[PDB]
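Chemist: My questions will all concern the structure given below.
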Amino acid sequence: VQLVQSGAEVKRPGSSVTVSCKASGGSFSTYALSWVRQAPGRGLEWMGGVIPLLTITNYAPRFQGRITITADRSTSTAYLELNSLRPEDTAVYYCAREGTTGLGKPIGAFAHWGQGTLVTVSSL
Amino acid sequence: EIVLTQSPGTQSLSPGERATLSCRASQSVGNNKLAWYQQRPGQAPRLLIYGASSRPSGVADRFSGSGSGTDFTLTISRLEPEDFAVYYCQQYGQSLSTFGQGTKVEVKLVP
Amino acid sequence: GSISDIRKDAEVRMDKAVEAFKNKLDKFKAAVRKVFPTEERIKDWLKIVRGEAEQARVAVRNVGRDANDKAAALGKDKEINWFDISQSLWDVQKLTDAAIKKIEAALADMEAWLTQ
């Protein structure tokens, strides 16, 4: 299983950012895909996720109102749209997918990680 | 909401020592759905342990996890240099998944 | 409701789809016993039995799809651990795999009888 993310992006406050994440290999429809970010020099923080088969979404209350997660099933691609950006939203955004036992039983823990996408919200 | 808390904050040890990392939850983690991740500098996190104690294939057996409820421990029995990294715990026992704040394990080099 | 009650329902309903098909075949064999085997009739029995199989496969796909729906509706429930939902999708795929395979077996068994 390989996850590949979209490229770095420099955004102004109030703009929206859309990060893309394509599963290469593996089964896609049925495994939970989460987005997870990390501001410079700080901890990981879970933002939300989606199971693609029926776009079964799960947002962290602190982003509810700003976040949208979707998946296109034919292209194995998951999507994070983050609206109304602010300098605090400056982080590396990783897409991460749950692991299986051994297609295999889902485990919840994120076994597979994308290379992260840098979003810098710059007043400059 | 489950606030996860890691102790100690930093860890200073030589190669071959046994490192023991703690993660404590304000309330009980549903069904012990706790994970331990390793993140080397400038790199994406790597899964080490899941469901409290399960180790996925390809993760060396010097890593192990234990504990239940609101008290969890990762142990690295014999530090290899490449273990110098920050370690986070995660809980996914309810719909709002939350991470610990991080323990940094510093290894050392002969002068 | 429960995630596991989705699993229960799926199995009961899939098991029900499948014994429905077996029962239609058992009765079908009894009707066939009162008819002279003939190559054209043999061509008619297979078509009937295969078309019955398909009806049973469709019945089972529908149970999975409705179970998947039920799994998604639990998505909008804070009292349901969203990280356990995948596991339900997986479980219902395993039951489907089982149900279909048991239909393929019952068919295969029957076609042997019609041509033997």
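Following the order of the structure tokens, first chain is A, next is B, and so on, with residues numbered from 1 inside each chain and ligands from 1 in the order they appear.
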Please produce, as CSV, a per-residue contact table for chain C versus chain B (criterion: any atom at most 9 Å away, only C-alpha atoms considered), showing the nearest atom pair and its distance in Å to one decimal, sorted by chain then residue number.
Modeler:
residue,atom,partner,partner_atom,distance
C:77,CA,B:95,CA,8.8
C:78,CA,B:95,CA,6.6
C:79,CA,B:94,CA,8.1
C:80,CA,B:95,CA,7.1
C:81,CA,B:94,CA,4.4
C:82,CA,B:95,CA,4.8
C:83,CA,B:95,CA,6.4
C:84,CA,B:93,CA,8.5
Chemist: What lies within 9 Å of stretch 61-73 of chain C using only C-alpha atoms, ignoring chain neighbours under 5 positions off, as a ChimeraX atom specification?
Modeler: /A:51,53-57 /C:3,6-7,9-11,13-14,17,56,85-86,88-89,92-93,95-96,100
Chemist: Using only C-alpha atoms, tabulate the residues of chain A lying at most 6 Å from any atom of chain B, each with its closest atom pair and that distance in Å to one decimal, by chain and increasing residue number, as JSON lines.
Modeler:
{"residue": "A:43", "atom": "CA", "partner": "B:101", "partner_atom": "CA", "distance": 5.7}
{"residue": "A:60", "atom": "CA", "partner": "B:96", "partner_atom": "CA", "distance": 5.9}
{"residue": "A:109", "atom": "CA", "partner": "B:50", "partner_atom": "CA", "distance": 6.0}
{"residue": "A:111", "atom": "CA", "partner": "B:47", "partner_atom": "CA", "distance": 5.4}
Chemist: Dump N, CA and C atoms for the selected residues as a short mmCIF file (atom, residue, chain, number, x, y, z; two decimals), in the first residue's frame?
Modeler:
data_model
loop_
_atom_site.label_atom_id
_atom_site.label_comp_id
_atom_site.auth_asym_id
_atom_site.auth_seq_id
_atom_site.Cartn_x
_atom_site.Cartn_y
_atom_site.Cartn_z
N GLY A 43 3.34 18.59 17.89
CA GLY A 43 2.74 17.26 17.83
C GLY A 43 1.84 16.98 16.63
N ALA A 60 -13.30 16.07 13.39
CA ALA A 60 -12.94 16.48 14.72
C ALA A 60 -13.74 17.75 15.01
N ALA A 109 -5.40 1.45 13.67
CA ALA A 109 -4.10 2.12 13.70
C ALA A 109 -3.66 2.47 12.29
N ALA A 111 -1.40 2.27 9.57
CA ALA A 111 -0.18 1.55 9.14
C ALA A 111 0.52 2.25 8.00
#
Chemist: With DSSP run on the backbone, what are the helix (DSSP H, G or I) residues within chain B? I'd like them as a PyMOL selection string.
Modeler: chain B and resi 30-32+81-83
Chemist: Could you write out that same residue set with C-alpha atoms as a CSV table (one decimal), in the first residue's frame?
Modeler:
chain,number,residue,atom,x,y,z
B,30,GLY,CA,-12.4,2.2,24.5
B,31,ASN,CA,-11.4,-1.4,23.9
B,32,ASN,CA,-7.7,-0.5,24.4
B,81,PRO,CA,21.0,4.4,17.2
B,82,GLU,CA,18.2,4.6,14.7
B,83,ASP,CA,15.7,4.7,17.5
Chemist: Please report as a Markdown table every residue of chain A lying within 6 Å of chain C, along with the nearest atom pair and their distance in Å (one decimal), using only C-alpha atoms.
Modeler:
| residue | atom | partner | partner_atom | distance |
| --- | --- | --- | --- | --- |
| A:31 | CA | C:86 | CA | 5.9 |
| A:56 | CA | C:72 | CA | 5.7 |
| A:106 | CA | C:87 | CA | 5.6 |
| A:108 | CA | C:83 | CA | 5.9 |
Chemist: Export, as a short mmCIF file (atom, residue, chain, number, x, y, z; two decimals), in the first residue's frame, the selected residues with N, CA and C atoms.
Modeler:
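Generated file (selection-v7.cif):
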data_model
loop_
_atom_site.label_atom_id
_atom_site.label_comp_id
_atom_site.auth_asym_id
_atom_site.auth_seq_id
_atom_site.Cartn_x
_atom_site.Cartn_y
_atom_site.Cartn_z
N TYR A 31 -11.50 0.80 3.26
CA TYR A 31 -10.60 1.07 4.39
C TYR A 31 -10.55 2.54 4.76
N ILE A 56 -18.27 7.86 4.31
CA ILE A 56 -18.67 7.85 5.71
C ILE A 56 -17.67 8.70 6.44
N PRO A 106 -9.55 -4.97 9.18
CA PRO A 106 -9.07 -3.62 9.53
C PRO A 106 -8.64 -3.48 10.99
N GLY A 108 -7.57 -0.20 12.54
CA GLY A 108 -7.73 1.16 13.06
C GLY A 108 -6.45 1.99 13.05
#
Chemist: With distances taken over only C-alpha atoms, which residue among A:68, A:123, A:58, A:5 lies nearest residue A:94?
Modeler: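 The closest residue to residue A:94 is A:5.
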Chemist: Among chain B, which residues does DSSP mark as strand (DSSP E) when it is run on the backbone? Keep the chain and numbering as in the structure and answer as a ChimeraX atom specification.
Modeler: /B:4-7,10-12,19-25,34-39,46-49,63-68,71-76,85-91,98-99,103-106
Chemist: Would you save the residues from that selection as a PDB file, in the first residue's frame, using C-alpha atoms?
Modeler:
ATOM      1  CA  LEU B   4      -3.701  11.580  26.159  1.00  0.00           C
ATOM      2  CA  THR B   5      -0.567  12.465  28.086  1.00  0.00           C
ATOM      3  CA  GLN B   6       2.988  11.114  27.611  1.00  0.00           C
ATOM      4  CA  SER B   7       5.775  10.855  30.186  1.00  0.00           C
ATOM      5  CA  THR B  10      12.469  13.700  26.980  1.00  0.00           C
ATOM      6  CA  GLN B  11      14.601  10.582  27.324  1.00  0.00           C
ATOM      7  CA  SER B  12      18.425  10.554  27.258  1.00  0.00           C
ATOM      8  CA  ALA B  19      13.798   2.671  27.174  1.00  0.00           C
ATOM      9  CA  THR B  20      10.308   2.657  28.719  1.00  0.00           C
ATOM     10  CA  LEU B  21       7.746   5.235  27.467  1.00  0.00           C
ATOM     11  CA  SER B  22       4.475   6.088  29.173  1.00  0.00           C
ATOM     12  CA  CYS B  23       1.094   7.191  27.857  1.00  0.00           C
ATOM     13  CA  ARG B  24      -1.816   7.932  30.202  1.00  0.00           C
ATOM     14  CA  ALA B  25      -5.400   8.738  29.281  1.00  0.00           C
ATOM     15  CA  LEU B  34      -4.165   2.635  21.580  1.00  0.00           C
ATOM     16  CA  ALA B  35      -1.355   2.902  18.974  1.00  0.00           C
ATOM     17  CA  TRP B  36       2.334   3.770  19.267  1.00  0.00           C
ATOM     18  CA  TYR B  37       4.085   5.590  16.432  1.00  0.00           C
ATOM     19  CA  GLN B  38       7.733   6.410  15.746  1.00  0.00           C
ATOM     20  CA  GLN B  39       8.568   9.557  13.843  1.00  0.00           C
ATOM     21  CA  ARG B  46       5.648   4.782  11.471  1.00  0.00           C
ATOM     22  CA  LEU B  47       3.255   2.404  13.233  1.00  0.00           C
ATOM     23  CA  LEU B  48       4.941   0.355  15.974  1.00  0.00           C
ATOM     24  CA  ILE B  49       2.093  -1.092  18.054  1.00  0.00           C
ATOM     25  CA  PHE B  63       9.443  -2.865  20.397  1.00  0.00           C
ATOM     26  CA  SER B  64       6.524  -3.942  22.607  1.00  0.00           C
ATOM     27  CA  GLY B  65       3.390  -2.403  24.127  1.00  0.00           C
ATOM     28  CA  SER B  66       1.383  -3.130  27.242  1.00  0.00           C
ATOM     29  CA  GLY B  67      -1.196  -1.809  29.690  1.00  0.00           C
ATOM     30  CA  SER B  68      -4.941  -1.335  29.554  1.00  0.00           C
ATOM     31  CA  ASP B  71      -2.332   3.506  31.637  1.00  0.00           C
ATOM     32  CA  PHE B  72      -0.085   2.366  28.755  1.00  0.00           C
ATOM     33  CA  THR B  73       3.638   1.663  28.172  1.00  0.00           C
ATOM     34  CA  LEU B  74       5.910   1.188  25.161  1.00  0.00           C
ATOM     35  CA  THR B  75       9.227  -0.510  25.848  1.00  0.00           C
ATOM     36  CA  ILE B  76      12.249  -0.534  23.548  1.00  0.00           C
ATOM     37  CA  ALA B  85      13.112   9.808  17.463  1.00  0.00           C
ATOM     38  CA  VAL B  86       9.897  11.230  18.863  1.00  0.00           C
ATOM     39  CA  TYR B  87       7.216   8.761  19.918  1.00  0.00           C
ATOM     40  CA  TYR B  88       3.490   9.476  20.100  1.00  0.00           C
ATOM     41  CA  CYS B  89       0.587   7.398  21.360  1.00  0.00           C
ATOM     42  CA  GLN B  90      -2.859   7.562  19.711  1.00  0.00           C
ATOM     43  CA  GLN B  91      -6.310   6.466  20.834  1.00  0.00           C
ATOM     44  CA  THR B  98      -6.487  12.081  19.731  1.00  0.00           C
ATOM     45  CA  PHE B  99      -2.703  11.831  20.021  1.00  0.00           C
ATOM     46  CA  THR B 103       8.227  11.707  24.112  1.00  0.00           C
ATOM     47  CA  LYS B 104      11.605  12.381  22.485  1.00  0.00           C
ATOM     48  CA  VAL B 105      14.194   9.697  22.958  1.00  0.00           C
ATOM     49  CA  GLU B 106      17.728  10.974  22.570  1.00  0.00           C
TER      50      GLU B 106
END
